[PDB]
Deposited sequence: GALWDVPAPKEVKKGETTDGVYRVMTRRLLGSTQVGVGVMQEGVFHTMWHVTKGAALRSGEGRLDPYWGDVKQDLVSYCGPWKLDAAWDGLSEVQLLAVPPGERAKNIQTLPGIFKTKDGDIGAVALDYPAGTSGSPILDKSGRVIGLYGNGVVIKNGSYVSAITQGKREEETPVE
């Protein structure tokens, strides 16, 4: 239940993704868990809110993360790749231009088990999650943020 970044594991064992614990709520991408319940030690975490089009899901309570990219500053991907310690990768986002407005995007290509890793602004707030994107052969991830 402690705040932090977590690996999402399945059973040998494999890392299928990453997520963020904040304010007692676990945040990850829908495609990582497909809404399955999660074990945390001897406890169980049940899905509370989810949305396939946003590709997001929260457990134990409503989505808590609300910071947004400022459109000018560098950000950090707090990548938690399979078999590797959590590490920070700094980058200037590009932009996804859509009919409904602009979304920050990071042109970083990490293993699929890194999906759900948080992207941070300079104050350390989570501005979105990594792992839903497009190919241009390089992958580019939206900075996907939910609604609080």
(request) Extract from the deposited sequence all ranges with no corresponding C-alpha coordinates, numbering residues from 1. (result) 1 to 16, 28 to 30, 156 to 157, 170 to 176
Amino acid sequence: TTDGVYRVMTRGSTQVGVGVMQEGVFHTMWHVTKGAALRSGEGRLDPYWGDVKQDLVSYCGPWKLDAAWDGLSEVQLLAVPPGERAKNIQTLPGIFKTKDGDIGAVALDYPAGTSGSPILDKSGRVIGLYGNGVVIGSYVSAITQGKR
From here on, numbers count along this sequence of modelled residues.
(message) When the other structures of this protein are compared, and only where the residues around it are present, is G131 absent from a third or more of them?
(response) no
(request) Report the stretch with the higher mean CA temperature factor, choosing between 46 to 54 and 96 to 104 on the basis of the entry. (result) 96 to 104
(request) Select between 37 to 45 and 109 to 117 the stretch whose C-alpha atoms have the higher average B-factor in the entry. (result) 37 to 45
(request) Could you look up the Cα B-factor of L77 in the entry and say which third of the chain it sits in: lowest, middle or highest? (result) lowest
(request) Determine, from the deposited record, the chain-internal third of the Cα B-factor for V135: lowest, middle or highest. (result) highest
(message) Among the modelled residues of this chain, does the Cα B factor of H27 put it in the lowest, middle or highest third?
(response) lowest
